[PDB]
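Enquirer: Okay, here's the structure, questions in a sec.
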Amino acid sequence: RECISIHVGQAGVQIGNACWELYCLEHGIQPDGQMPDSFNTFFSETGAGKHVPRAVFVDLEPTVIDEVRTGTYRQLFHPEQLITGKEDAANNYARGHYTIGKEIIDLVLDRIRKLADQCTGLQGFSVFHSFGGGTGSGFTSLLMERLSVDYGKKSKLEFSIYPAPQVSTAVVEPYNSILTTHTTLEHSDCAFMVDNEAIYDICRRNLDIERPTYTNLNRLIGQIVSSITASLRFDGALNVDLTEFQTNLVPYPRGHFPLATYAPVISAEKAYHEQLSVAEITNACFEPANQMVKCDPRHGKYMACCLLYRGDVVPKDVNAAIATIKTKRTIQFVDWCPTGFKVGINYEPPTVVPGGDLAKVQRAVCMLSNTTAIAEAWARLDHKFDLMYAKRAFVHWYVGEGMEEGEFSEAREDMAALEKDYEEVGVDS
Amino acid sequence: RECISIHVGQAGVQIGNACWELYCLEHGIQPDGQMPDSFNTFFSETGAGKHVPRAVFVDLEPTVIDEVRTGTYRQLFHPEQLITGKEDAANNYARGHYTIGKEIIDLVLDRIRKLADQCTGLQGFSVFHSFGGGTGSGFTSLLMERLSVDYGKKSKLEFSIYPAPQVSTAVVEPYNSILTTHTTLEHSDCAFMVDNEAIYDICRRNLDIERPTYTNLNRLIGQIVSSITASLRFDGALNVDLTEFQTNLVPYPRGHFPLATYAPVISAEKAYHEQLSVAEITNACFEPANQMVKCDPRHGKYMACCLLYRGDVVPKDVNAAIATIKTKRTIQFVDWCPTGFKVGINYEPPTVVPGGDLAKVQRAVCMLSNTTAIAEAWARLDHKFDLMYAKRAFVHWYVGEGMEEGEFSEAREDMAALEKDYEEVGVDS
Amino acid sequence: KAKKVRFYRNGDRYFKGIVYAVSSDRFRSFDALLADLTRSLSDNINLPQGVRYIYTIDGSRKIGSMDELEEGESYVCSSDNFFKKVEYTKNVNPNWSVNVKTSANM
Amino acid sequence: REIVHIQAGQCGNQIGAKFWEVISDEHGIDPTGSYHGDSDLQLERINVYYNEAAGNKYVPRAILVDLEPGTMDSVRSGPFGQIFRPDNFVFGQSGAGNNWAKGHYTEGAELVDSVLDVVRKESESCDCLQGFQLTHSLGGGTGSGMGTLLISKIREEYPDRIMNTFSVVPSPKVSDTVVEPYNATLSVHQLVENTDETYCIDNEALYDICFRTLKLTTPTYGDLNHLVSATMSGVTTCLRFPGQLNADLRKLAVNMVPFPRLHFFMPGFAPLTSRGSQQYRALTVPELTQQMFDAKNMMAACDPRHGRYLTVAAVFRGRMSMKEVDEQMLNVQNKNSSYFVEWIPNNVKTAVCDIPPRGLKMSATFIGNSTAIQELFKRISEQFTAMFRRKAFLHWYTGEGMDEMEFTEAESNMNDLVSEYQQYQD
Amino acid sequence: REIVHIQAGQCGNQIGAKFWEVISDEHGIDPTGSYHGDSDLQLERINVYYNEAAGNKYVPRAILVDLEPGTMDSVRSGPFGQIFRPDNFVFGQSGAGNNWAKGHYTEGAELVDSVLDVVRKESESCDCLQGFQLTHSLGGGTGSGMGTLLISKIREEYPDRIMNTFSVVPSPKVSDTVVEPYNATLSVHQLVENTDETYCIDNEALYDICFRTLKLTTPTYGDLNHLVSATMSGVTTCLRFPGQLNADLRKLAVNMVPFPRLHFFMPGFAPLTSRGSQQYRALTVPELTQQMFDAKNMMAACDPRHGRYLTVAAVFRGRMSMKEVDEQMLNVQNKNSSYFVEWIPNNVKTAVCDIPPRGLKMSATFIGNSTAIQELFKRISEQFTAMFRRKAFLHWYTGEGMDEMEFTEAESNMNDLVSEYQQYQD
Ligand SMILES: Nc1nc2c(ncn2[C@@H]2O[C@H](COP(=O)(O)OP(=O)(O)OP(=O)(O)O)[C@@H](O)[C@H]2O)c(=O)[nH]1
Ligand SMILES: Nc1nc2c(ncn2[C@@H]2O[C@H](COP(=O)(O)OP(=O)(O)OP(=O)(O)O)[C@@H](O)[C@H]2O)c(=O)[nH]1
Ligand SMILES: Nc1nc2c(ncn2[C@@H]2O[C@H](COP(=O)(O)OP(=O)(O)O)[C@@H](O)[C@H]2O)c(=O)[nH]1
Ligand SMILES: Nc1nc2c(ncn2[C@@H]2O[C@H](COP(=O)(O)OP(=O)(O)O)[C@@H](O)[C@H]2O)c(=O)[nH]1
């Protein structure tokens, strides 16, 4: 029934604090834990007054988890559930996965085994990491790694924030992301992806603001995510379990990575304008300028979409708005796939931050999907890697951290067959 | 049912703000969008309490569209629908059509495809441009151009303000107007024409005022236009659809250009005088000093007139007042045309600005028509062109803007057969 | 008249040199020219002390007399200098001396 | 849109102080203060001449080029002198010798790179650049030579953005210098081939227009300058205001230059009445065209009545009837069909702003492209030959690394320029 | 994490006083006082440079190595001089002769054990050690020789913890000593083979950058030092602060050193504007990259424009958009594709702290690993040979128990080091 969550890496933690915020916000549970089953699949009714979170936090520098235990919400989690390794983060996979990251893992696991026990027939762990980091790429790599073995019998949906197409940060980023992909690939169930840059566009083009603090992108994913777990694990006219996803969403064992998209992104101050039609939002979903991912459907044929709706929506409206789409053709779906549209309908409309910059409509569409499109995104990220590896660039930083020419070269070959995979499962009939 | 409108060029925008004003004014919708189908063919009920316009605004200098988003009405349109190219206007076709104007077009179209979708079975786009301008001549040229292909299956009535017969402004004007005619000719359905100068006469002779601000001429067309769309798309005793026009108004594919005329133009302060008879106004329509066009029926045989009446009018009064005319002979109608009188009767009388200078009668006649007369107006405007082209005058200004000796010489030949066309379809039996 | 020359700094392959004029009325000797060249070519990367000697375009021989400076010439500034030799300068047009080229009717 | 003024030489500089003295007030910008603007419209378009740094400090985006310290050190030590960011001052403490050659080949050529540097810092400021304003005198070193270079470089760096040039062509009757035609002929040469809009002003055409059209008895330089700066404000800045029919540098350019030479104009202001008395207010409009189109009142030396026009641009700026404007222009075009050239059906380019010169009700800048200015380059060109023939003060040029073929070049060029201009007077 | 500063020699020492003068204020630590910190964040990470004993006495964890009493007795008898625990002062009252050999083999070799002793007392302080900061000049005894030994020993004791080296490579134009290239070539040798991050500063690259980028007319040493210390604060200490994207010595190391030599960088500070006036605040960000990436402003002597880069690390520290940061860096990488080496798709290592330099709004330390520094070791290496050839002041070395093959060694080594660095410029 439930779904634990492990927010790994400063980022996965910032995004975590965010997604975690939106939560209580739409569940009437002040930062003090108290509100005045349903949603029990994400919150445990500990003591007789509060609602201790149902997740954990893993960063190797204290800085970021520290800030959580300062700002209201400080009261929300258990002093315990926020894991730290005073040591060093290191923007390098190796160190975070092998060398350092190792020391903590046990302890980390312990919670996802201590928190996994306390519950009642769970469904999986929503993992939150930032592909191109040290604690986010490496560590998790083995966290998800140690999970796929300790609970192979569950769902492993990892929600990632993969490398901005041109606006990356770390100098090595690819090293860290070609490595978190190959090690997690054979361990995840469904990997959701939200592109940091391609989200900015949305903040520039669909909300207008050249002042987007990280704290915003987080509010956004913090939204799209709320549409995944939160509301879905919440009763409705067309419920969709976590398993449901991976089933209706992955055509093949590769921990396939769909893309997250939201429909109503419109800025407060617009807040009064006449609302958008069920048809418009539906249509907005097929626009490559509103998908939290720089993977513009440049050719990538969709192969399965899970249209999660929430708010006031008439099933016919959908079983029509989608019909219209199924026949737009310029939206070309894979061949071997007749119908690939999982319509998920929830009741409770979205819930926008009291005064951030999100419109606040009475219905939204968080559609996610597997698109032969990422054939690109992976490509462009793989190429990166080579260029540097081709010169070993910052290689001495990993080797000296318990890695080898193996893990790199052999994780490169890995993704290679991910460029062929995402190519074969499509483009051909 | 509806008819979008694209006001292009500062002028087409000033006139736009005007025609757009008269609108709400006679529909009880304050500048705040709110009023306390019918007219839905020009206004979309965004929800909701408002009445977002049903048109767009295209200028390459911000100045003029800017002023709209300052003065009440600021609230009327959507922040979006007013397109601008911070760049440069340039009183030259070429630059506006080719070089610069190009960059914006896509975006422009997008709205007339985004606004064209939202509606319900539309009828066409009432285009507003100023023949002899940069953004008005050039740009549109390709806007209407890109329309005739994207919606060949509709009406393209472009409402133009063609070059004052002697009181032109731009030094090049003809270059810009022989070019907007040839490029739009093979794309428009019916091109309405209102002569800026010949309207002044009306302000001097039929209203008395040597103080006519542009803001007035605009109130005027702003009137004649209200008689076209507004009221017509509005129920009545003898409705006339947009298609109706082009059908009952163009004898031949040349995007034929009728002339706009209004009957009751009498100044407030006269406002009390005993009103004019159904016969007088009817007769006023056959006077070459009241037609918003310096094309005095110097010989031009009418070939089709669409007498749009509004207010308290008895069909017999018309089907008599017109009969009397049909037999004045000195009003000679074409040969091949037995009867060319489309009687359009509306109910609601006109609606004059609260305190401008328009009389405010309880009935009016906005008669428009195709007259072999323009054989002149075109002639006199073509000749202009030659004189300058004959010396290349400001040619280097276009060439250096992605044009050639072709487009000029080959658009001259174009109109040439417009001087023969408007000659052959008449003067002969 | 004077003599138009294009003075390059040894070991630069970037700076297109600076054009100077040279005569008996402007500079009594090479040391006086070199003194003004130290001010106009004043640097601390290609030239140690700014300009101490002038070498041929190839750096095979240093000039000691103004009589060796020809019109529309190319010279190099040195102070050791050790020579790379840096040519470079290229490429520029000979239009500093005069425009050889003209416009054409294209 | 935007522009970046350029104060070449002393004159061009002295005038800078007056052009900015004005313009600022026509934009409510106190010395270092901000926008005190009596209105709210004198701000939505300022950018054209300033930059945002502090929030009360909109600094003029111009360049101050000069090889004579004392000058810029008089402009920087007086009134509005403390608004320009020091970075703007591109001085040349060298000997600002009065030689075109000394400020174009030998002395100025050095200070150039340290100028272009800034002209780029300002161009790459923000938004979109339109062109650069250039003030100077064609009768000196830092003016004709070094400023004429500044452009030859500018026009290689952005052959897209425009180049208005405000030149103080050597007044006839008396020359405020001696080699004048040398420094001049040499700079006009550079002009006819780089800038694409030049507004030639004459210190004595001004006096006249300032001592008889303004009973002003003691017309100090400050004044002349002031009058000039009044016109260059009507031109640019003005059109960067709203209007029933507004234009902008290009319109002005693309309506005024029939043939690529660049052609030079002759600016004329509208209400030019003496203070107290004259304040006749006869400014309905026929009064402004009456003004603008008369001989006297043309900042140029030559008289329009002495040669047809190719183009005219009445850039009015004050609420008026597009009818009484568009109309007047006509009669004017017919009462004087004689001189107004024919192969252009409508020579005149009517332009119409809205807001007028701060304290006035109605004005209208005049930018005429008449063939009359033939009779000026003639003048200049004459003075040259009469003295070139004997190589008068030529040693001050050559001795500065010049050429005997350089002077030949310019004269001819600029001399041919006279020729052409006649090709239309006929 | 942690680090333990090392003040080798006088210079390295003099600078200690400035590096600690600063850093403290950037951590609210008064002379012997405690944390007066205007904030609460300048404390959660101090440990990196101090130790807890009393409760108001956080003592700098550095080492003061020098064979000349007077020096440390000037640093200990002045301002912040009374904050170092006396145990820190590892003096050598011997004759601190200006010989690399006198402070590396004969005189310093003795005082070493009594140093390592402490460098261990400080390392075994607590928590986890990161690395050691090393300040000194490669143009003297106690600096190049004895300090270059201190590391050769450190790097044998903890080949795990890092080693940043701040060297004052012998300025070109005029050297502040005579054997300079002797004491230098010999120390660089030791560097290229022990420390793994070196930041080379030039007393004259500073003057320049301090007399023209700070209209400062009397740049005392204190200043230079002060400027330098400003950069080393942005580097270390800084990153030991929070940040959207923070790094730390290693990141800096593991992103900046493509090949094991150790490679030397060239630090550059961001807001480097003269006091009053200049306080332009043009620090939106494009202004900082404008700064940092220009030639002048590189504490090094050589000019980047004279050789590609291998890596760059803009360690910014002041609230900014991970977009306007990540973005700018790009254009920069494309406007100068020429020099930025290609076999590294993203040379730049963007780093971003949060809290800025106490009194400033936005800054950004620059740590460049350009191939340009080839043209410096060349210099040094040249000076050597030109004088080695004649064994100039060699008797002061040998006579101190040295070797004729020792000098050979170093030059070659460091000389080869020049070679390699070119292997990438191409
Ligand atoms: N959407 C979003 N992206 C973030 C956020 N914080 C960081 N990122 C992105 O995630 C990546 C940064 O990872 P880091 O913060 O360097 O590292 P980490 O993954 O936390 O782990 P370490 O390297 O060991 O510190 C970059 O691509 C950032 O653009 C955040 O709050 N929201
Ligand atoms: N009736 C009417 N005519 C106008 C109005 N504004 C301008 N005109 C006329 O339209 C023409 C002017 O076009 P411009 O304003 O120069 O140019 P534009 O068409 O807006 O486009 P650009 O040249 O690029 O600025 C002239 O013939 C004017 O007389 C107006 O508000 N009403
Ligand atoms: N209108 C006007 N002319 C000036 C001013 N100053 C010098 N002039 C004119 O400029 C010419 C002299 O050139 P000058 O400006 O001294 O040259 P420069 O300073 O060496 O570049 C003379 O014709 C003067 O009448 C001024 O402030 N206003
Ligand atoms: N920046 C800087 N350089 C210094 C200082 N003191 C000496 N130097 C430089 O160091 C070199 C001399 O070495 P020195 O420090 O006296 O050697 P030591 O004291 O025998 O180890 C010269 O190049 C000086 O410019 C200082 O306080 N700041």
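Labeling convention for the structure tokens: chains A, B, ... as they appear, residues from 1 per chain, ligands from 1 in order of appearance.
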Pick out the residues no farther than 8 Å from ligand 3, counting only C-alpha atoms and all ligand atoms, and list them as JSON, numbers by chain.
Expert: {"D": [8, 9, 10, 11, 12, 13, 14, 15, 66, 67, 68, 96, 97, 98, 99, 136, 137, 138, 139, 140, 141, 142, 143, 144, 145, 168, 169, 170, 171, 175, 176, 177, 180, 201, 202, 203, 221, 222, 224, 225, 228]}
Enquirer: Keeping only N, CA and C atoms, write the selected residues as a tab-separated table (two decimals), in the first residue's frame.
Expert:
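selection.tsv, written as the output of this step:
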chain	number	residue	atom	x	y	z
D	8	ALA	N	33.63	63.98	-30.14
D	8	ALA	CA	34.97	64.11	-30.71
D	8	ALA	C	35.53	65.53	-30.73
D	9	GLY	N	36.75	65.69	-30.25
D	9	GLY	CA	37.37	67.00	-30.24
D	9	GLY	C	36.85	67.90	-29.14
D	10	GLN	N	37.23	69.18	-29.17
D	10	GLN	CA	36.77	70.13	-28.16
D	10	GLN	C	35.37	70.55	-28.52
D	11	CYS	N	35.21	71.13	-29.70
D	11	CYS	CA	33.90	71.57	-30.13
D	11	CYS	C	32.90	70.48	-29.87
D	12	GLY	N	33.03	69.41	-30.64
D	12	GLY	CA	32.12	68.28	-30.49
D	12	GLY	C	31.91	68.01	-29.02
D	13	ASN	N	32.92	68.33	-28.22
D	13	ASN	CA	32.85	68.12	-26.80
D	13	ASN	C	32.04	69.24	-26.14
D	14	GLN	N	32.48	70.48	-26.34
D	14	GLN	CA	31.80	71.65	-25.79
D	14	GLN	C	30.30	71.46	-25.98
D	15	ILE	N	29.93	71.09	-27.20
D	15	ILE	CA	28.54	70.84	-27.58
D	15	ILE	C	27.95	69.67	-26.79
D	66	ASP	N	39.30	63.39	-26.94
D	66	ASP	CA	40.04	64.64	-27.10
D	66	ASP	C	41.50	64.54	-26.65
D	67	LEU	N	42.39	65.17	-27.41
D	67	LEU	CA	43.83	65.15	-27.13
D	67	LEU	C	44.30	66.37	-26.34
D	68	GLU	N	43.35	67.14	-25.84
D	68	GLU	CA	43.65	68.35	-25.07
D	68	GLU	C	42.97	68.17	-23.72
D	96	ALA	N	47.53	68.10	-28.57
D	96	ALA	CA	46.36	68.06	-29.45
D	96	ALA	C	46.47	68.99	-30.67
D	97	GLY	N	47.67	69.07	-31.24
D	97	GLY	CA	47.91	69.93	-32.40
D	97	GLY	C	46.72	70.07	-33.32
D	98	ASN	N	46.58	71.26	-33.89
D	98	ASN	CA	45.46	71.56	-34.79
D	98	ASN	C	45.57	70.92	-36.17
D	99	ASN	N	46.26	69.79	-36.23
D	99	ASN	CA	46.46	69.12	-37.49
D	99	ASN	C	45.62	67.86	-37.67
D	136	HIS	N	31.32	67.10	-33.55
D	136	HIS	CA	32.69	67.57	-33.79
D	136	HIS	C	32.68	68.71	-34.81
D	137	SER	N	33.86	69.24	-35.01
D	137	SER	CA	34.10	70.33	-35.96
D	137	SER	C	35.12	69.87	-36.97
D	138	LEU	N	34.86	70.18	-38.23
D	138	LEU	CA	35.74	69.79	-39.31
D	138	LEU	C	36.83	70.82	-39.53
D	139	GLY	N	37.19	71.53	-38.47
D	139	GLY	CA	38.23	72.54	-38.57
D	139	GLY	C	39.28	72.46	-37.48
D	140	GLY	N	39.77	71.25	-37.23
D	140	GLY	CA	40.79	71.04	-36.20
D	140	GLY	C	41.30	69.61	-36.14
D	141	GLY	N	42.17	69.33	-35.19
D	141	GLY	CA	42.73	67.99	-35.07
D	141	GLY	C	41.77	67.01	-34.46
D	142	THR	N	41.66	67.03	-33.14
D	142	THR	CA	40.77	66.12	-32.42
D	142	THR	C	39.36	66.03	-32.97
D	143	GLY	N	39.01	66.96	-33.84
D	143	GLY	CA	37.67	66.96	-34.39
D	143	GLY	C	37.57	66.22	-35.69
D	144	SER	N	38.11	66.81	-36.74
D	144	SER	CA	38.05	66.23	-38.07
D	144	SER	C	38.88	64.98	-38.23
D	145	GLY	N	40.12	65.01	-37.75
D	145	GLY	CA	40.98	63.86	-37.89
D	145	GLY	C	40.62	62.70	-37.00
D	168	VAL	N	30.34	70.70	-37.71
D	168	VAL	CA	30.33	72.14	-37.69
D	168	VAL	C	31.21	72.61	-38.83
D	169	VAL	N	30.73	72.36	-40.05
D	169	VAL	CA	31.43	72.76	-41.25
D	169	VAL	C	31.94	74.20	-41.10
D	170	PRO	N	33.16	74.47	-41.57
D	170	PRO	CA	33.83	75.77	-41.53
D	170	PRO	C	32.98	76.90	-42.07
D	171	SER	N	32.57	77.78	-41.17
D	171	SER	CA	31.75	78.92	-41.53
D	171	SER	C	32.47	79.76	-42.58
D	175	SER	N	36.96	82.42	-40.80
D	175	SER	CA	37.35	81.09	-40.33
D	175	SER	C	38.05	81.16	-38.98
D	176	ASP	N	37.49	80.44	-38.01
D	176	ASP	CA	38.02	80.44	-36.65
D	176	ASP	C	39.30	79.67	-36.51
D	177	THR	N	39.92	79.38	-37.66
D	177	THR	CA	41.20	78.68	-37.74
D	177	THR	C	41.81	79.04	-39.09
D	180	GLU	N	41.86	75.37	-41.62
D	180	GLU	CA	40.46	74.98	-41.72
D	180	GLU	C	40.11	74.08	-42.90
D	201	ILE	N	26.20	72.17	-39.29
D	201	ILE	CA	25.85	73.42	-38.64
D	201	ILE	C	26.97	74.44	-38.86
D	202	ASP	N	26.60	75.72	-38.98
D	202	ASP	CA	27.57	76.81	-39.22
D	202	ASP	C	27.53	77.90	-38.17
D	203	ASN	N	28.60	78.00	-37.39
D	203	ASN	CA	28.68	78.99	-36.34
D	203	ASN	C	28.14	80.37	-36.73
D	221	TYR	N	28.99	81.36	-27.20
D	221	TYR	CA	29.05	80.04	-27.80
D	221	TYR	C	27.98	79.18	-27.15
D	222	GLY	N	28.00	79.14	-25.82
D	222	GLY	CA	27.03	78.35	-25.09
D	222	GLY	C	25.69	78.36	-25.79
D	224	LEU	N	24.83	79.29	-29.21
D	224	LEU	CA	24.91	78.57	-30.47
D	224	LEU	C	24.75	77.09	-30.17
D	225	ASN	N	25.66	76.59	-29.36
D	225	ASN	CA	25.66	75.19	-28.96
D	225	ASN	C	24.25	74.80	-28.53
D	228	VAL	N	21.80	74.44	-31.36
D	228	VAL	CA	22.11	73.22	-32.11
D	228	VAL	C	21.54	72.00	-31.37
Enquirer: Step by step, measure atom-to-atom distances between ligand 1 and each residue using only C-alpha atoms and all ligand atoms, keep those at most 8 Å, then write them as a ChimeraX atom specification.
Expert: /A:8-15,59-61,88-93,96,129-137,161-164,167-170,173,194-197,214-218,221 /E:244-247,322
Enquirer: Considering only C-alpha atoms, can you say which of B:27, B:182, B:7, B:115 comes closest to chain A?
Expert: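 Among the listed residues, the smallest separation from chain A belongs to B:115.
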Enquirer: For the structure I just gave you, how does DSSP split range 80-289 of chain A - specifically, which residues are strand (DSSP E or B)? Reply as a VMD selection string.
Expert: chain A and resid 82 to 84 124 to 129 155 157 to 160 190 to 193 259 to 261 267
Enquirer: Please write the residues from the selection above to a file, keeping N, CA and C atoms, as a PDB file, in the first residue's frame.
Expert:
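Saved result, selection.pdb, follows:
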ATOM      1  N   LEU A  82      17.164  11.715   9.258  1.00  0.00           N
ATOM      2  CA  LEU A  82      18.039  12.569   8.434  1.00  0.00           C
ATOM      3  C   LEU A  82      19.517  12.336   8.711  1.00  0.00           C
ATOM      4  N   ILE A  83      20.123  10.797   7.624  1.00  0.00           N
ATOM      5  CA  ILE A  83      21.475  10.254   7.630  1.00  0.00           C
ATOM      6  C   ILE A  83      22.478  11.244   7.029  1.00  0.00           C
ATOM      7  N   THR A  84      23.623  11.370   7.693  1.00  0.00           N
ATOM      8  CA  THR A  84      24.691  12.260   7.256  1.00  0.00           C
ATOM      9  C   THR A  84      26.062  11.643   7.514  1.00  0.00           C
ATOM     10  N   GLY A 124       6.842  -0.094  -2.410  1.00  0.00           N
ATOM     11  CA  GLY A 124       8.149   0.262  -2.919  1.00  0.00           C
ATOM     12  C   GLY A 124       8.739   1.524  -2.321  1.00  0.00           C
ATOM     13  N   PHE A 125       9.879   1.941  -2.879  1.00  0.00           N
ATOM     14  CA  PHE A 125      10.590   3.139  -2.417  1.00  0.00           C
ATOM     15  C   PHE A 125      10.791   4.186  -3.505  1.00  0.00           C
ATOM     16  N   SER A 126      10.143   5.330  -3.353  1.00  0.00           N
ATOM     17  CA  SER A 126      10.315   6.398  -4.315  1.00  0.00           C
ATOM     18  C   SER A 126      11.653   7.034  -3.942  1.00  0.00           C
ATOM     19  N   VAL A 127      12.667   6.787  -4.764  1.00  0.00           N
ATOM     20  CA  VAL A 127      14.022   7.300  -4.560  1.00  0.00           C
ATOM     21  C   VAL A 127      14.228   8.679  -5.214  1.00  0.00           C
ATOM     22  N   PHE A 128      14.858   9.620  -4.520  1.00  0.00           N
ATOM     23  CA  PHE A 128      15.084  10.945  -5.104  1.00  0.00           C
ATOM     24  C   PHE A 128      16.564  11.297  -5.182  1.00  0.00           C
ATOM     25  N   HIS A 129      17.132  11.257  -6.383  1.00  0.00           N
ATOM     26  CA  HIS A 129      18.549  11.574  -6.545  1.00  0.00           C
ATOM     27  C   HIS A 129      18.820  12.471  -7.745  1.00  0.00           C
ATOM     28  N   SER A 155       8.537  -2.388  -5.896  1.00  0.00           N
ATOM     29  CA  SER A 155       8.730  -1.368  -6.908  1.00  0.00           C
ATOM     30  C   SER A 155       9.891  -0.467  -6.553  1.00  0.00           C
ATOM     31  N   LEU A 157      10.933   2.814  -8.149  1.00  0.00           N
ATOM     32  CA  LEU A 157      10.773   3.928  -9.042  1.00  0.00           C
ATOM     33  C   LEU A 157      11.685   5.028  -8.534  1.00  0.00           C
ATOM     34  N   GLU A 158      12.723   5.325  -9.297  1.00  0.00           N
ATOM     35  CA  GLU A 158      13.640   6.365  -8.890  1.00  0.00           C
ATOM     36  C   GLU A 158      13.375   7.624  -9.673  1.00  0.00           C
ATOM     37  N   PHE A 159      13.120   8.693  -8.935  1.00  0.00           N
ATOM     38  CA  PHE A 159      12.846   9.986  -9.521  1.00  0.00           C
ATOM     39  C   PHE A 159      14.127  10.805  -9.646  1.00  0.00           C
ATOM     40  N   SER A 160      14.679  10.848 -10.854  1.00  0.00           N
ATOM     41  CA  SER A 160      15.930  11.562 -11.106  1.00  0.00           C
ATOM     42  C   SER A 160      15.826  12.954 -11.743  1.00  0.00           C
ATOM     43  N   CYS A 190      11.125   1.775 -12.566  1.00  0.00           N
ATOM     44  CA  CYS A 190      10.750   2.856 -13.463  1.00  0.00           C
ATOM     45  C   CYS A 190      11.499   4.073 -12.959  1.00  0.00           C
ATOM     46  N   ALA A 191      12.264   4.704 -13.836  1.00  0.00           N
ATOM     47  CA  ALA A 191      13.005   5.885 -13.438  1.00  0.00           C
ATOM     48  C   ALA A 191      12.390   7.134 -14.047  1.00  0.00           C
ATOM     49  N   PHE A 192      11.797   7.973 -13.209  1.00  0.00           N
ATOM     50  CA  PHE A 192      11.207   9.213 -13.692  1.00  0.00           C
ATOM     51  C   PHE A 192      12.321  10.218 -13.901  1.00  0.00           C
ATOM     52  N   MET A 193      12.159  11.060 -14.910  1.00  0.00           N
ATOM     53  CA  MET A 193      13.178  12.037 -15.202  1.00  0.00           C
ATOM     54  C   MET A 193      12.628  13.434 -15.370  1.00  0.00           C
ATOM     55  N   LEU A 259       9.291  10.460 -18.815  1.00  0.00           N
ATOM     56  CA  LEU A 259       9.500  11.894 -18.554  1.00  0.00           C
ATOM     57  C   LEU A 259       8.298  12.475 -17.832  1.00  0.00           C
ATOM     58  N   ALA A 260       8.513  13.406 -16.913  1.00  0.00           N
ATOM     59  CA  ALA A 260       7.383  14.006 -16.197  1.00  0.00           C
ATOM     60  C   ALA A 260       6.939  15.283 -16.871  1.00  0.00           C
ATOM     61  N   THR A 261       5.631  15.504 -16.912  1.00  0.00           N
ATOM     62  CA  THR A 261       5.063  16.688 -17.556  1.00  0.00           C
ATOM     63  C   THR A 261       3.851  17.143 -16.759  1.00  0.00           C
ATOM     64  N   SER A 267       1.464  31.309 -14.021  1.00  0.00           N
ATOM     65  CA  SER A 267       1.930  32.125 -12.905  1.00  0.00           C
ATOM     66  C   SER A 267       0.821  32.842 -12.152  1.00  0.00           C
TER      67      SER A 267
END
Enquirer: At a cut-off of 10 Å, which residues of chain A touch chain B? Count only C-alpha atoms and give the answer as number ranges by chain.
Expert: A: 270, 272-277, 279-280
Enquirer: Record the distance separating CA of residue 363 in chain A and CA of residue 43 in chain B, expressed in Å with one decimal.
Expert: 24.7 Å
Enquirer: Please return, as a list in words, all residues of chain E lying within 10 Å of chain D when only C-alpha atoms are considered.
Expert: residues 277, 278, 279, 280, 281, 282, 283 and 284 of chain E
Enquirer: What is the CA of residue 28 in chain B-CA of residue 156 in chain B distance in Å, reported with one decimal?
Expert: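 Interatomic distance, CA of residue 28 in chain B to CA of residue 156 in chain B: 28.2 Å.
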